[PDB]
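Asks: File entry29.tsv below, TSV, N, CA and C atoms:
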chain	number	residue	atom	x	y	z
A	4	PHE	N	0.83	-1.20	0.00
A	4	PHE	CA	0.00	0.00	0.00
A	4	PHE	C	0.87	1.25	0.00
A	5	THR	N	1.71	1.39	-1.02
A	5	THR	CA	2.55	2.56	-1.12
A	5	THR	C	1.73	3.75	-1.62
A	6	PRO	N	2.23	4.97	-1.43
A	6	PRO	CA	1.51	6.13	-1.97
A	6	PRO	C	1.24	6.04	-3.46
A	7	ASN	N	2.21	5.56	-4.25
A	7	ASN	CA	1.99	5.49	-5.69
A	7	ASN	C	0.88	4.51	-6.04
A	8	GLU	N	0.81	3.37	-5.34
A	8	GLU	CA	-0.29	2.44	-5.55
A	8	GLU	C	-1.62	3.07	-5.16
A	9	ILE	N	-1.69	3.66	-3.97
A	9	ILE	CA	-2.95	4.24	-3.50
A	9	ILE	C	-3.37	5.39	-4.41
A	10	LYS	N	-2.42	6.22	-4.81
A	10	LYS	CA	-2.74	7.39	-5.62
A	10	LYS	C	-3.08	7.02	-7.06
A	11	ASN	N	-2.67	5.83	-7.51
A	11	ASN	CA	-3.00	5.34	-8.84
A	11	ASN	C	-4.01	4.21	-8.78
A	12	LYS	N	-4.77	4.13	-7.70
A	12	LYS	CA	-5.72	3.05	-7.49
A	12	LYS	C	-6.92	3.27	-8.39
A	13	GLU	N	-7.12	2.37	-9.35
A	13	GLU	CA	-8.32	2.41	-10.18
A	13	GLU	C	-9.34	1.43	-9.62
A	14	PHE	N	-10.60	1.75	-9.86
A	14	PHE	CA	-11.72	0.91	-9.51
A	14	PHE	C	-12.60	0.77	-10.74
A	15	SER	N	-13.35	-0.33	-10.80
A	15	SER	CA	-14.33	-0.49	-11.86
A	15	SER	C	-15.32	0.67	-11.84
A	16	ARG	N	-15.76	1.08	-13.02
A	16	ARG	CA	-16.76	2.13	-13.16
A	16	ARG	C	-18.13	1.49	-13.39
A	17	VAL	N	-19.13	1.97	-12.67
A	17	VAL	CA	-20.47	1.40	-12.72
A	17	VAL	C	-21.47	2.55	-12.74
A	18	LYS	N	-22.65	2.26	-13.26
A	18	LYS	CA	-23.74	3.19	-13.11
A	18	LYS	C	-24.08	3.34	-11.64
A	19	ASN	N	-24.28	4.57	-11.23
A	19	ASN	CA	-24.68	4.91	-9.87
A	19	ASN	C	-23.60	4.57	-8.84
A	20	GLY	N	-22.34	4.77	-9.20
A	20	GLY	CA	-21.23	4.52	-8.30
A	20	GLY	C	-20.85	5.74	-7.48
A	21	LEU	N	-19.77	5.58	-6.71
A	21	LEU	CA	-19.29	6.62	-5.83
A	21	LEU	C	-18.56	7.71	-6.61
A	22	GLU	N	-18.74	8.95	-6.18
A	22	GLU	CA	-18.10	10.11	-6.79
A	22	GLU	C	-16.58	9.90	-6.84
A	23	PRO	N	-15.97	9.82	-8.03
A	23	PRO	CA	-14.55	9.41	-8.07
A	23	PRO	C	-13.59	10.37	-7.39
A	24	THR	N	-13.85	11.67	-7.47
A	24	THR	CA	-12.93	12.64	-6.89
A	24	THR	C	-13.02	12.65	-5.36
A	25	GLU	N	-14.24	12.52	-4.81
A	25	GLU	CA	-14.37	12.40	-3.36
A	25	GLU	C	-13.59	11.20	-2.84
A	26	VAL	N	-13.68	10.06	-3.53
A	26	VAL	CA	-12.93	8.89	-3.10
A	26	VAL	C	-11.44	9.15	-3.20
A	27	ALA	N	-10.98	9.70	-4.32
A	27	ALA	CA	-9.56	9.97	-4.48
A	27	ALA	C	-9.04	10.88	-3.37
A	28	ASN	N	-9.80	11.92	-3.01
A	28	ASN	CA	-9.33	12.84	-1.99
A	28	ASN	C	-9.21	12.15	-0.64
A	29	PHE	N	-10.14	11.25	-0.32
A	29	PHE	CA	-10.04	10.50	0.92
A	29	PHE	C	-8.86	9.53	0.89
A	30	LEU	N	-8.65	8.86	-0.23
A	30	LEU	CA	-7.49	7.97	-0.35
A	30	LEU	C	-6.18	8.73	-0.18
A	31	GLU	N	-6.11	9.98	-0.67
A	31	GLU	CA	-4.91	10.78	-0.46
A	31	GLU	C	-4.68	11.03	1.02
A	32	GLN	N	-5.74	11.32	1.78
A	32	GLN	CA	-5.60	11.53	3.21
A	32	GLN	C	-5.10	10.27	3.90
A	33	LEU	N	-5.61	9.11	3.51
A	33	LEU	CA	-5.20	7.86	4.14
A	33	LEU	C	-3.76	7.52	3.78
A	34	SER	N	-3.37	7.72	2.52
A	34	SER	CA	-1.99	7.48	2.13
A	34	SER	C	-1.05	8.37	2.93
A	35	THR	N	-1.41	9.64	3.10
A	35	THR	CA	-0.58	10.56	3.87
A	35	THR	C	-0.44	10.08	5.31
A	36	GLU	N	-1.54	9.61	5.90
A	36	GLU	CA	-1.48	9.10	7.26
A	36	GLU	C	-0.54	7.91	7.36
A	37	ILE	N	-0.64	6.97	6.41
A	37	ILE	CA	0.26	5.82	6.40
A	37	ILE	C	1.72	6.27	6.29
A	38	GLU	N	2.01	7.18	5.36
A	38	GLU	CA	3.38	7.66	5.19
A	38	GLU	C	3.91	8.28	6.47
A	39	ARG	N	3.08	9.05	7.16
A	39	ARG	CA	3.50	9.72	8.38
A	39	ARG	C	3.73	8.73	9.51
A	40	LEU	N	2.89	7.70	9.61
A	40	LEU	CA	3.11	6.69	10.64
A	40	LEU	C	4.42	5.94	10.39
A	41	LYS	N	4.75	5.69	9.12
A	41	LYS	CA	6.03	5.05	8.81
A	41	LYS	C	7.20	5.94	9.20
A	42	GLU	N	7.08	7.25	8.97
A	42	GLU	CA	8.11	8.19	9.43
A	42	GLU	C	8.23	8.17	10.94
A	43	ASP	N	7.09	8.15	11.64
A	43	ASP	CA	7.10	8.12	13.10
A	43	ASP	C	7.83	6.88	13.60
A	44	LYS	N	7.58	5.73	12.97
A	44	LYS	CA	8.28	4.50	13.36
A	44	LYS	C	9.78	4.64	13.18
A	45	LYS	N	10.21	5.21	12.06
A	45	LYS	CA	11.64	5.37	11.82
A	45	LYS	C	12.27	6.27	12.87
A	46	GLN	N	11.56	7.30	13.32
A	46	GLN	CA	12.09	8.16	14.37
A	46	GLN	C	12.23	7.40	15.68
A	47	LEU	N	11.26	6.56	16.02
A	47	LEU	CA	11.35	5.78	17.24
A	47	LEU	C	12.47	4.75	17.15
A	48	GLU	N	12.64	4.12	15.99
A	48	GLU	CA	13.74	3.20	15.80
A	48	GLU	C	15.08	3.91	15.93
A	49	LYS	N	15.15	5.17	15.50
A	49	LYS	CA	16.38	5.95	15.66
A	49	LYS	C	16.68	6.20	17.14
A	50	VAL	N	15.66	6.53	17.93
A	50	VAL	CA	15.86	6.69	19.37
A	50	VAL	C	16.42	5.41	19.98
A	51	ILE	N	15.91	4.26	19.54
A	51	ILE	CA	16.33	2.98	20.11
A	51	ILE	C	17.76	2.66	19.69
A	52	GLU	N	18.09	2.90	18.42
A	52	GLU	CA	19.41	2.51	17.92
A	52	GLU	C	20.52	3.34	18.54
A	53	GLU	N	20.22	4.59	18.93
A	53	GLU	CA	21.24	5.46	19.49
A	53	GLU	C	21.39	5.35	21.00
A	54	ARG	N	20.38	4.85	21.71
A	54	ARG	CA	20.47	4.69	23.16
A	54	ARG	C	21.26	3.44	23.49
B	4	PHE	N	-7.73	8.76	12.11
B	4	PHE	CA	-8.60	7.98	11.23
B	4	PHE	C	-8.88	6.64	11.91
B	5	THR	N	-9.90	6.59	12.76
B	5	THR	CA	-10.25	5.34	13.40
B	5	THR	C	-10.84	4.38	12.37
B	6	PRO	N	-10.83	3.08	12.65
B	6	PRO	CA	-11.46	2.14	11.71
B	6	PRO	C	-12.90	2.50	11.40
B	7	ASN	N	-13.68	2.89	12.40
B	7	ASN	CA	-15.08	3.17	12.13
B	7	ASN	C	-15.26	4.48	11.37
B	8	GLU	N	-14.38	5.47	11.58
B	8	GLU	CA	-14.45	6.67	10.76
B	8	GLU	C	-14.22	6.33	9.29
B	9	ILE	N	-13.24	5.47	9.01
B	9	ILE	CA	-12.93	5.11	7.63
B	9	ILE	C	-14.08	4.35	7.01
B	10	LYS	N	-14.59	3.35	7.73
B	10	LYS	CA	-15.61	2.49	7.15
B	10	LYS	C	-16.95	3.20	7.03
B	11	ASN	N	-17.21	4.21	7.86
B	11	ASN	CA	-18.47	4.93	7.86
B	11	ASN	C	-18.46	6.17	6.98
B	12	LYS	N	-17.32	6.51	6.40
B	12	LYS	CA	-17.25	7.66	5.51
B	12	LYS	C	-18.25	7.48	4.38
B	13	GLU	N	-19.03	8.52	4.11
B	13	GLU	CA	-20.04	8.50	3.06
B	13	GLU	C	-19.53	9.24	1.83
B	14	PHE	N	-19.93	8.75	0.66
B	14	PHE	CA	-19.61	9.38	-0.61
B	14	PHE	C	-20.89	9.59	-1.40
B	15	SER	N	-20.93	10.68	-2.15
B	15	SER	CA	-22.07	10.92	-3.01
B	15	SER	C	-22.09	9.90	-4.14
B	16	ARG	N	-23.28	9.69	-4.69
B	16	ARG	CA	-23.49	8.78	-5.81
B	16	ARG	C	-23.71	9.60	-7.07
B	17	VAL	N	-23.14	9.14	-8.18
B	17	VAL	CA	-23.20	9.88	-9.43
B	17	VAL	C	-23.47	8.91	-10.57
B	18	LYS	N	-23.77	9.49	-11.73
B	18	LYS	CA	-24.21	8.72	-12.89
B	18	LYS	C	-23.28	7.57	-13.19
B	19	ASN	N	-21.98	7.85	-13.31
B	19	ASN	CA	-20.95	6.86	-13.57
B	19	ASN	C	-19.88	7.07	-12.51
B	20	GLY	N	-19.76	6.13	-11.60
B	20	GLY	CA	-18.79	6.31	-10.54
B	20	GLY	C	-18.11	5.02	-10.21
B	21	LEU	N	-17.43	5.01	-9.06
B	21	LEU	CA	-16.63	3.87	-8.67
B	21	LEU	C	-17.49	2.79	-8.02
B	22	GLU	N	-17.16	1.54	-8.31
B	22	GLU	CA	-17.85	0.39	-7.73
B	22	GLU	C	-17.81	0.47	-6.20
B	23	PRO	N	-18.96	0.57	-5.51
B	23	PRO	CA	-18.90	0.86	-4.06
B	23	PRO	C	-18.27	-0.24	-3.23
B	24	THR	N	-18.46	-1.51	-3.59
B	24	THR	CA	-17.89	-2.59	-2.78
B	24	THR	C	-16.38	-2.68	-2.97
B	25	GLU	N	-15.88	-2.46	-4.18
B	25	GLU	CA	-14.44	-2.42	-4.38
B	25	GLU	C	-13.81	-1.34	-3.52
B	26	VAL	N	-14.44	-0.17	-3.48
B	26	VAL	CA	-13.92	0.92	-2.65
B	26	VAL	C	-13.96	0.53	-1.17
B	27	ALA	N	-15.11	0.03	-0.70
B	27	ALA	CA	-15.24	-0.36	0.70
B	27	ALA	C	-14.17	-1.37	1.09
B	28	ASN	N	-13.92	-2.36	0.22
B	28	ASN	CA	-12.94	-3.39	0.55
B	28	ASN	C	-11.53	-2.80	0.64
B	29	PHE	N	-11.21	-1.86	-0.24
B	29	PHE	CA	-9.89	-1.24	-0.22
B	29	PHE	C	-9.72	-0.36	1.01
B	30	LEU	N	-10.77	0.38	1.38
B	30	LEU	CA	-10.71	1.19	2.59
B	30	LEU	C	-10.50	0.32	3.83
B	31	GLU	N	-11.12	-0.87	3.86
B	31	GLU	CA	-10.89	-1.79	4.97
B	31	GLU	C	-9.43	-2.21	5.04
B	32	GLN	N	-8.81	-2.48	3.89
B	32	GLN	CA	-7.40	-2.84	3.86
B	32	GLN	C	-6.53	-1.69	4.36
B	33	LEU	N	-6.84	-0.46	3.95
B	33	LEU	CA	-6.05	0.68	4.41
B	33	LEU	C	-6.21	0.90	5.91
B	34	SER	N	-7.42	0.71	6.44
B	34	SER	CA	-7.61	0.82	7.88
B	34	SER	C	-6.77	-0.20	8.63
B	35	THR	N	-6.75	-1.44	8.15
B	35	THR	CA	-5.92	-2.46	8.78
B	35	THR	C	-4.45	-2.04	8.78
B	36	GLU	N	-3.96	-1.50	7.66
B	36	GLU	CA	-2.57	-1.06	7.60
B	36	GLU	C	-2.30	0.03	8.62
B	37	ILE	N	-3.21	1.00	8.72
B	37	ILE	CA	-3.08	2.09	9.69
B	37	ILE	C	-3.05	1.55	11.11
B	38	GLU	N	-3.99	0.65	11.44
B	38	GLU	CA	-4.02	0.11	12.79
B	38	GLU	C	-2.74	-0.65	13.12
B	39	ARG	N	-2.22	-1.40	12.15
B	39	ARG	CA	-0.99	-2.14	12.38
B	39	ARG	C	0.19	-1.21	12.63
B	40	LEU	N	0.26	-0.10	11.88
B	40	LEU	CA	1.33	0.87	12.09
B	40	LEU	C	1.22	1.53	13.45
B	41	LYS	N	-0.01	1.83	13.89
B	41	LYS	CA	-0.19	2.41	15.23
B	41	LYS	C	0.26	1.43	16.30
B	42	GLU	N	-0.04	0.14	16.11
B	42	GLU	CA	0.42	-0.88	17.04
B	42	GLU	C	1.94	-0.97	17.07
B	43	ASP	N	2.58	-0.92	15.90
B	43	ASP	CA	4.04	-0.95	15.83
B	43	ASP	C	4.62	0.21	16.62
B	44	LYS	N	4.06	1.41	16.44
B	44	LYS	CA	4.54	2.57	17.20
B	44	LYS	C	4.40	2.35	18.70
B	45	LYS	N	3.25	1.83	19.14
B	45	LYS	CA	3.06	1.60	20.56
B	45	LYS	C	4.10	0.61	21.10
B	46	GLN	N	4.43	-0.41	20.32
B	46	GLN	CA	5.44	-1.38	20.75
B	46	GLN	C	6.80	-0.70	20.90
B	47	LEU	N	7.18	0.13	19.94
B	47	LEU	CA	8.46	0.82	20.01
B	47	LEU	C	8.50	1.80	21.18
B	48	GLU	N	7.40	2.53	21.41
B	48	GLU	CA	7.34	3.44	22.54
B	48	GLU	C	7.50	2.68	23.86
B	49	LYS	N	6.94	1.48	23.95
B	49	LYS	CA	7.08	0.70	25.17
B	49	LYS	C	8.52	0.24	25.37
B	50	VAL	N	9.21	-0.15	24.29
B	50	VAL	CA	10.62	-0.51	24.41
B	50	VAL	C	11.42	0.67	24.94
B	51	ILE	N	11.12	1.87	24.45
B	51	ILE	CA	11.83	3.06	24.91
B	51	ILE	C	11.51	3.34	26.37
B	52	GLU	N	10.23	3.24	26.75
B	52	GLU	CA	9.86	3.55	28.13
B	52	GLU	C	10.48	2.55	29.10
B	53	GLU	N	10.58	1.29	28.71
B	53	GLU	CA	11.15	0.29	29.61
B	53	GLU	C	12.66	0.46	29.74
B	54	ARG	N	13.31	1.08	28.76
B	54	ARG	CA	14.73	1.41	28.84
B	54	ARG	C	15.60	0.16	28.84
Written as structure tokens, that's how I'd like the structure from this file.

Replies:
Amino acid sequence: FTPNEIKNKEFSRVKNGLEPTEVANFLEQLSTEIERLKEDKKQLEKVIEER
Amino acid sequence: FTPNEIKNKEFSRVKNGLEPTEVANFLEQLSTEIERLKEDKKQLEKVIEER
């Protein structure tokens, strides 16, 4: 679930489906959250490796 | 982004849009990834606190 995968995530198109841009904007928020949590983990691992 | 916030997010419906179940299933996968990363952080924080 990398940002490039999430940001290039295609879904089947159907009659009466979900608004594509609303979904994309929410997926961007979730990808950003994942990326930030990974950064947070690396910072904690840095604290551990240096102590 | 709690699991229930992600799963309960509503999207408008439009003439031609994204398949709703495909989207729901992908959002569930992203929520799982987020929860796992939060758990990883908590584990690392506990290692640091225990010293």

Asks: Near chain B, which residues of chain A fall within 8 Å when you count only N, CA and C atoms, and what do they look like as a list in words?

Replies: residues 4, 13, 14, 15, 16, 17, 18, 19, 20, 21, 22, 23, 24, 25, 26, 33, 34, 36, 37, 40, 41, 43, 44, 47, 48, 50 and 51 of chain A

Asks: At what distance in Å, to one decimal, does atom CA of residue A:49 lie from atom N of residue B:35?

Replies: 25.4 Å

Asks: Provide the atom CA of residue A:53 to atom CA of residue B:42 distance in Å, to one decimal place.

Replies: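 For atom CA of residue A:53 relative to atom CA of residue B:42, the distance reads 21.9 Å.
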
Asks: If you run DSSP on the backbone here, which positions in chain A get strand (DSSP E or B)? Please write them as JSON, numbers by chain.

Replies: {"A": [16, 17, 18, 19, 20, 21]}

Asks: Please compute the atom C of residue A:5-atom C of residue A:52 distance, one decimal, in Å.

Replies: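 Result for atom C of residue A:5 versus atom C of residue A:52: 27.6 Å, one decimal.
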
Asks: Regenerate stretch 7-31 of chain A at the level of N, CA, C and O atoms and dump it as an mmCIF file, in the coordinates of the input.

Replies:
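File written: selection01.cif
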data_model
loop_
_atom_site.group_PDB
_atom_site.id
_atom_site.type_symbol
_atom_site.label_atom_id
_atom_site.label_comp_id
_atom_site.auth_asym_id
_atom_site.auth_seq_id
_atom_site.Cartn_x
_atom_site.Cartn_y
_atom_site.Cartn_z
ATOM 1 N N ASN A 7 2.210 5.560 -4.250
ATOM 2 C CA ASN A 7 1.990 5.490 -5.690
ATOM 3 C C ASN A 7 0.880 4.510 -6.040
ATOM 4 O O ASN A 7 0.071 4.771 -6.935
ATOM 5 N N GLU A 8 0.810 3.370 -5.340
ATOM 6 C CA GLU A 8 -0.290 2.440 -5.550
ATOM 7 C C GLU A 8 -1.620 3.070 -5.160
ATOM 8 O O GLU A 8 -2.594 3.020 -5.926
ATOM 9 N N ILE A 9 -1.690 3.660 -3.970
ATOM 10 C CA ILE A 9 -2.950 4.240 -3.500
ATOM 11 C C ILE A 9 -3.370 5.390 -4.410
ATOM 12 O O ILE A 9 -4.553 5.527 -4.747
ATOM 13 N N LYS A 10 -2.420 6.220 -4.810
ATOM 14 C CA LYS A 10 -2.740 7.390 -5.620
ATOM 15 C C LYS A 10 -3.080 7.020 -7.060
ATOM 16 O O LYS A 10 -3.717 7.813 -7.754
ATOM 17 N N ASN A 11 -2.670 5.830 -7.510
ATOM 18 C CA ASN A 11 -3.000 5.340 -8.840
ATOM 19 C C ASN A 11 -4.010 4.210 -8.780
ATOM 20 O O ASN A 11 -4.102 3.400 -9.715
ATOM 21 N N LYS A 12 -4.770 4.130 -7.700
ATOM 22 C CA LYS A 12 -5.720 3.050 -7.490
ATOM 23 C C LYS A 12 -6.920 3.270 -8.390
ATOM 24 O O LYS A 12 -7.667 4.242 -8.214
ATOM 25 N N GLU A 13 -7.120 2.370 -9.350
ATOM 26 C CA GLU A 13 -8.320 2.410 -10.180
ATOM 27 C C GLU A 13 -9.340 1.430 -9.620
ATOM 28 O O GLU A 13 -9.004 0.442 -8.956
ATOM 29 N N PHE A 14 -10.600 1.750 -9.860
ATOM 30 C CA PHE A 14 -11.720 0.910 -9.510
ATOM 31 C C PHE A 14 -12.600 0.770 -10.740
ATOM 32 O O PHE A 14 -12.586 1.635 -11.620
ATOM 33 N N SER A 15 -13.350 -0.330 -10.800
ATOM 34 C CA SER A 15 -14.330 -0.490 -11.860
ATOM 35 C C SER A 15 -15.320 0.670 -11.840
ATOM 36 O O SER A 15 -15.675 1.186 -10.774
ATOM 37 N N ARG A 16 -15.760 1.080 -13.020
ATOM 38 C CA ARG A 16 -16.760 2.130 -13.160
ATOM 39 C C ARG A 16 -18.130 1.490 -13.390
ATOM 40 O O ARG A 16 -18.265 0.585 -14.225
ATOM 41 N N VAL A 17 -19.130 1.970 -12.670
ATOM 42 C CA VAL A 17 -20.470 1.400 -12.720
ATOM 43 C C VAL A 17 -21.470 2.550 -12.740
ATOM 44 O O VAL A 17 -21.188 3.657 -12.283
ATOM 45 N N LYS A 18 -22.650 2.260 -13.260
ATOM 46 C CA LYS A 18 -23.740 3.190 -13.110
ATOM 47 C C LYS A 18 -24.080 3.340 -11.640
ATOM 48 O O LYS A 18 -24.082 2.370 -10.874
ATOM 49 N N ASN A 19 -24.280 4.570 -11.230
ATOM 50 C CA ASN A 19 -24.680 4.910 -9.870
ATOM 51 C C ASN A 19 -23.600 4.570 -8.840
ATOM 52 O O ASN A 19 -23.904 4.176 -7.717
ATOM 53 N N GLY A 20 -22.340 4.770 -9.200
ATOM 54 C CA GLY A 20 -21.230 4.520 -8.300
ATOM 55 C C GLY A 20 -20.850 5.740 -7.480
ATOM 56 O O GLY A 20 -21.478 6.798 -7.527
ATOM 57 N N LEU A 21 -19.770 5.580 -6.710
ATOM 58 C CA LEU A 21 -19.290 6.620 -5.830
ATOM 59 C C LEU A 21 -18.560 7.710 -6.610
ATOM 60 O O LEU A 21 -17.840 7.428 -7.581
ATOM 61 N N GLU A 22 -18.740 8.950 -6.180
ATOM 62 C CA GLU A 22 -18.100 10.110 -6.790
ATOM 63 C C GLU A 22 -16.580 9.900 -6.840
ATOM 64 O O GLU A 22 -15.934 9.781 -5.774
ATOM 65 N N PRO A 23 -15.970 9.820 -8.030
ATOM 66 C CA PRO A 23 -14.550 9.410 -8.070
ATOM 67 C C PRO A 23 -13.590 10.370 -7.390
ATOM 68 O O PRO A 23 -12.603 9.921 -6.785
ATOM 69 N N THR A 24 -13.850 11.670 -7.470
ATOM 70 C CA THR A 24 -12.930 12.640 -6.890
ATOM 71 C C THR A 24 -13.020 12.650 -5.360
ATOM 72 O O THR A 24 -12.000 12.750 -4.679
ATOM 73 N N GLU A 25 -14.240 12.520 -4.810
ATOM 74 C CA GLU A 25 -14.370 12.400 -3.360
ATOM 75 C C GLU A 25 -13.590 11.200 -2.840
ATOM 76 O O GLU A 25 -12.893 11.292 -1.812
ATOM 77 N N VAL A 26 -13.680 10.060 -3.530
ATOM 78 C CA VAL A 26 -12.930 8.890 -3.100
ATOM 79 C C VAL A 26 -11.440 9.150 -3.200
ATOM 80 O O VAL A 26 -10.678 8.871 -2.264
ATOM 81 N N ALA A 27 -10.980 9.700 -4.320
ATOM 82 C CA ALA A 27 -9.560 9.970 -4.480
ATOM 83 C C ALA A 27 -9.040 10.880 -3.370
ATOM 84 O O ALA A 27 -7.937 10.670 -2.855
ATOM 85 N N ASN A 28 -9.800 11.920 -3.010
ATOM 86 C CA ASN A 28 -9.330 12.840 -1.990
ATOM 87 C C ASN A 28 -9.210 12.150 -0.640
ATOM 88 O O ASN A 28 -8.273 12.422 0.131
ATOM 89 N N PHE A 29 -10.140 11.250 -0.320
ATOM 90 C CA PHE A 29 -10.040 10.500 0.920
ATOM 91 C C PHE A 29 -8.860 9.530 0.890
ATOM 92 O O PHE A 29 -8.129 9.391 1.885
ATOM 93 N N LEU A 30 -8.650 8.860 -0.230
ATOM 94 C CA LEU A 30 -7.490 7.970 -0.350
ATOM 95 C C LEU A 30 -6.180 8.730 -0.180
ATOM 96 O O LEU A 30 -5.235 8.203 0.413
ATOM 97 N N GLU A 31 -6.110 9.980 -0.670
ATOM 98 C CA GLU A 31 -4.910 10.780 -0.460
ATOM 99 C C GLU A 31 -4.680 11.030 1.020
ATOM 100 O O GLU A 31 -3.541 10.946 1.499
#
